[PDB]
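Notes for the one structure printed next.
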Amino acid sequence: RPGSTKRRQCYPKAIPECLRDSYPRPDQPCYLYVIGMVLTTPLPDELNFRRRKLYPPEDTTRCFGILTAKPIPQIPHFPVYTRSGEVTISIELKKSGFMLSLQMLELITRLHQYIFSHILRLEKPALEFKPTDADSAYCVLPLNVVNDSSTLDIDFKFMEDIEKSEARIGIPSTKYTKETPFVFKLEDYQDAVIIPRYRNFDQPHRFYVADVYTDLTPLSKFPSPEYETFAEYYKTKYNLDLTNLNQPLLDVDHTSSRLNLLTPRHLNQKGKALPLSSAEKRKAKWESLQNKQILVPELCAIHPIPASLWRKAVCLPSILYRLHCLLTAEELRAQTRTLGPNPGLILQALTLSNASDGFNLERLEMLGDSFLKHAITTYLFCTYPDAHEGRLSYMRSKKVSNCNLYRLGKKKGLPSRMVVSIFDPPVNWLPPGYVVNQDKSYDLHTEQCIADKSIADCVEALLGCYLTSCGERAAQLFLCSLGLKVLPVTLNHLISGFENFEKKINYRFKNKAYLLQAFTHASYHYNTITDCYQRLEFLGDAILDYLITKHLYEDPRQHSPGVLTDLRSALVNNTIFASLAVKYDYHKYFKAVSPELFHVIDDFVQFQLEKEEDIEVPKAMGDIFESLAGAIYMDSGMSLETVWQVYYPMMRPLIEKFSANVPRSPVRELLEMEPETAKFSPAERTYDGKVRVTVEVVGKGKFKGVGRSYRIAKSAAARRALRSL
RNA sequence: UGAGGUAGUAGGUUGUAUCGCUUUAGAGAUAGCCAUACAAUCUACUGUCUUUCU
Ligand SMILES: [Ca+2]
Ligand SMILES: [Ca+2]
């Protein structure tokens, strides 16, 4: 089926244009940037129980810098959620227009390989480092302040002590004797990443140092109580001896092994702050009594990389993917006005749920459903001077089906730019400077499969974001650019008396004829001066839905689309429209040949409600209450604000009752009280001339209600059943 | 913050069955938006258990 959720198809991953053809070249200008980490949201000690110090990225002065051959356009300050709290990352230029030589540039490239292959462990048999066939390639090099304090410059005395050390890829060859006892230097291990030598010869385990335990010595650690001392442990399990028995033990904690840092660990998947209320004493006791690795400096080789830069390196996958999460492919916004929405907002008009990062596609597309319906409806109602409700409902439903929405999103190119998968850097991320998967002589490193429904939903969320930001001219221009055309959008013996009603509603009509149209049938032909109240019911149902949805969206209560649509249906049900049209006296001006239809419900409501239904609901009472809205709208130069001004006094107590009482239909609530045994019997005409429905739930007998149709009959039966429960 | 497994919570996702509301074409049908119950599956957190590391 063309727009079915089932029809999945395969789609590649687009490359931000700035991050392609981006390899630095000899005698080619570079653009040195800076990641710009600054810890502007520490974590609280009422929220952190690691029992471990916080490390701001400002304690030290060496930082990572991209070296694209292409200029990066400034991106909104985005956060990453490291061990030390929400870090606001800012990729802001540091220097530009300088030329490098060959030797230093090959040094840069070798350090880039060392970083992604050796440091981050993103090397797989399938992936081969080729920075000349790769599709996204740029160096990631360290920066420091030397000479002038203001200047940040490429470290060359660093990146040259990585080529003069032999503890980088292997373990240094060293010889310790009892005649030259091992000597300890505190400054060397102050910020150190240490690798154990006695084990994991294939792939060693890295751990940055975070403390020095001075009281702890090689003779008293006893961590696992089956061993007489610490030194005897290396001696029996590895047969290693120590030449210095007065050195301290070197407390230590792992390098981060999971490199998805775009989500917070102790908050919801909603962007909502929520600390846990359980294990409060236990979390502190946990990191206290838990086994913790206490290495020894004798046997651990110090990397040529200090912890202060390893900490900025670990965050490079997430930072280089969020900068890549179309933040730099804001070409969508360049193609699409008050300067457009923030690229942070457009990244919620491309992110689909089950991408689990803190943005949902929905709660922004529901508002898009109401505007597109309203825009299509208004465009039709004014495109043609004559069309019955059947024709317009036909035309509309074709221009707004999921099939057509899908066929318009994919034509734009929206499926590659989307975010459909969860971020796993080793499994489905292709790091920069790496050529697409092959080493073996469909793939998860450059393709993804998305349903046809999801393109049709993002085409809605994008409209929602442009709308809620730039107004209602921007949403219309956006749709018009997709392809959906929305932009080119005796008679004084029964008209006198409308002055009282106009004074009741506090609006005066520039042309009274619209009030007349809003009150005459398409079968009552005594009034031939004006047209039927049928086209107006169409515009008014769309508008009163758009306005109610915009109000509901603008509330700080932040309703999920489920509750939002439940409310929208709770107040646009035509029973309420009948009640509000008879309360404020719409019927007394309403010319019709209805014999006794609305009189019963009028007396019913005016007697019982003096501050569910036991009587039939007139179609007219419900449809005049919302043809008046269309009449105001079409009279007041197509202005939603006069309509909302006139209608908000009436609807205000109703809205502030329903946004707290959130009503629902008796049939659905019955099938939610017990769906196992509840079912409606097929229609069958009784001896009254009615239609009856037989309903049962076990234990309370059988229920029924006669009506003029199957829907009304089962509704009455459901009410009868639900009153007893 | 080593590789797993097993329960719960939170956020999703897929399929299937019963369904609500708005629109109307001539049990029920067209086109939109949810909810509910069962099942499969993924991510983040907490605890518990095995292995490893200290
Ligand atoms: Ca939709
Ligand atoms: Ca209607």
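With the UniProt record's numbering applied, the first sequence covers 739 to 1074, 1288 to 1392, 1546 to 1593, 1658 to 1779, 1799 to 1912. The beta carbon of each residue, even a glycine, is placed where N, CA and C say it ideally should be.
Where the beta strand (DSSP E) containing residue i begins and where it ends
| i | result |
| --- | --- |
| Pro934 | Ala930 to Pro934 |
| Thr826 | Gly823 to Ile827 |
| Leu879 | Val878 to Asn882 |
| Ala1578 | Premise fails: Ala1578 lies in the alpha helix (DSSP H), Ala1578 to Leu1586, not in any beta strand (DSSP E). |
| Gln1552 | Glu1551 to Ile1554 |
| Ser834 | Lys833 to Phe836 |
| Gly803 | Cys801 to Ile804 |
| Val1882 | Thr1881 to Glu1883 |
| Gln747 | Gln747 to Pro750 |
| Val990 | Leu988 to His992 |
| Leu770 | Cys768 to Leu770 |
| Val818 | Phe816 to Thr820 |
| residue 1914 | Outside the shown range of the chain (739 to 1912) lies residue 1914, about which nothing can therefore be said. |
| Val1351 | Segment: none, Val1351 is in no beta strand (DSSP E) and carries neither H nor E. |
| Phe945 | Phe945 to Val947 |
Residue i classed as buried or exposed, judged by whether at least 16 other C-beta atoms fall within 10 angstroms
| i | result |
| --- | --- |
| residue 730 | Because residue 730 is not part of the residues shown, which for the chain are 739 to 1912, the question remains open. |
| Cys1333 | exposed |
| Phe854 | buried |
| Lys791 | exposed |
| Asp1822 | buried |
| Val1885 | exposed |
| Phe1890 | buried |
| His992 | exposed |
| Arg745 | exposed |
| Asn1668 | exposed |
| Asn1029 | exposed |
| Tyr769 | buried |
| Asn1674 | exposed |
| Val878 | buried |
| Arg763 | exposed |
| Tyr951 | exposed |
Distance between beta carbons of residue j and residue i, contact taken as under 8 Å
| i | j | result |
| --- | --- | --- |
| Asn882 | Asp891 | 7 Å |
| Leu1571 | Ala1579 | 4 Å |
| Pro1044 | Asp929 | 4 Å |
| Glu1068 | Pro750 | The Cβ separation is near 20 Å, so there is no contact. |
| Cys756 | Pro814 | That pair is no contact at about 15 Å. |
| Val1893 | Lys1877 | 4 Å |
| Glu866 | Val1378 | With a Cβ gap of about 17 Å, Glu866 and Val1378 do not count as contacting. |
| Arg1368 | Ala752 | 6 Å |
7 Å CB neighbourhood of residue i in its chain, flanking five on each side removed
| i | result |
| --- | --- |
| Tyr1692 | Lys1759, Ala1760 and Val1761 |
| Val1593 | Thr1329, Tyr1330 and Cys1333 |
| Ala875 | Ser760, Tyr761, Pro869, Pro1383 and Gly1384 |
| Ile933 | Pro942, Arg944, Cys1038, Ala1039 and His1041 |
| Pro1013 | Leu785 and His1004 |
| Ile1899 | none |
Cβ neighbours of residue i in the same chain (closer than 8 Å, five flanking residues each side left out)
| i | result |
| --- | --- |
| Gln747 | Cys1553, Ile1554 and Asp1556 |
| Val1740 | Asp1709, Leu1712, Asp1713 and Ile1716 |
| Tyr936 | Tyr972, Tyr976, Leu978 and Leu1037 |
| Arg906 | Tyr852, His856, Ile900, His1041 and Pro1042 |
| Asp1375 | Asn998 |
| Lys862 | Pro1377 |
| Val1750 | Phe1766, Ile1769, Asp1770, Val1773, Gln1774 and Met1808 |
Cut-off 6 Å between Cβ atoms - residues of its own chain near residue i, not counting five sequence neighbours on either side
| i | result |
| --- | --- |
| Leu1732 | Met1317 and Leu1720 |
| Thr1873 | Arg1879 |
| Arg788 | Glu1025 |
| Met897 | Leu845 and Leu849 |
| residue 714 | For residue 714 there is no data in the structure shown, the boundaries of the chain being 739 and 1912. |
| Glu1883 | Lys1889 |
| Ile1327 | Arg1347, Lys1350 and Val1351 |
| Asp1547 | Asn1388 |
Terminal residues of the alpha helix (DSSP H) in which residue i lies
| i | result |
| --- | --- |
| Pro1366 | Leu1365 to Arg1368 |
| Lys1023 | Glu1018 to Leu1027 |
| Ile1711 | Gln1702 to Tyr1721 |
| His1041 | From DSSP, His1041 is part of no alpha helix (DSSP H) but of the beta strand (DSSP E) over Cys1038 to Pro1044. |
| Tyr1820 | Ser1814 to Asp1822 |
| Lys1889 | Careful: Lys1889 lies outside any alpha helix (DSSP H), inside the beta strand (DSSP E) at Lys1889 to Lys1891. |
Are the stretch 1801 to 1816 and the stretch 1679 to 1694 in contact at 8 Å, needing three or more beta carbon pairs?
-> yes
Touching or not, the stretch 1056 to 1068 and the stretch 1009 to 1026, by the rule of three or more beta carbon pairs under 8 Å?
-> no
Okay, do the stretch 915 to 923 and the stretch 1016 to 1030 touch, 3+ Cβ pairs below 8 Å being the bar?
-> no
Specify whether the stretch 1837 to 1848 and the stretch 1861 to 1868 touch according to this definition: at least 3 beta carbon pairs, one from each stretch, less than 8 Å apart.
-> no
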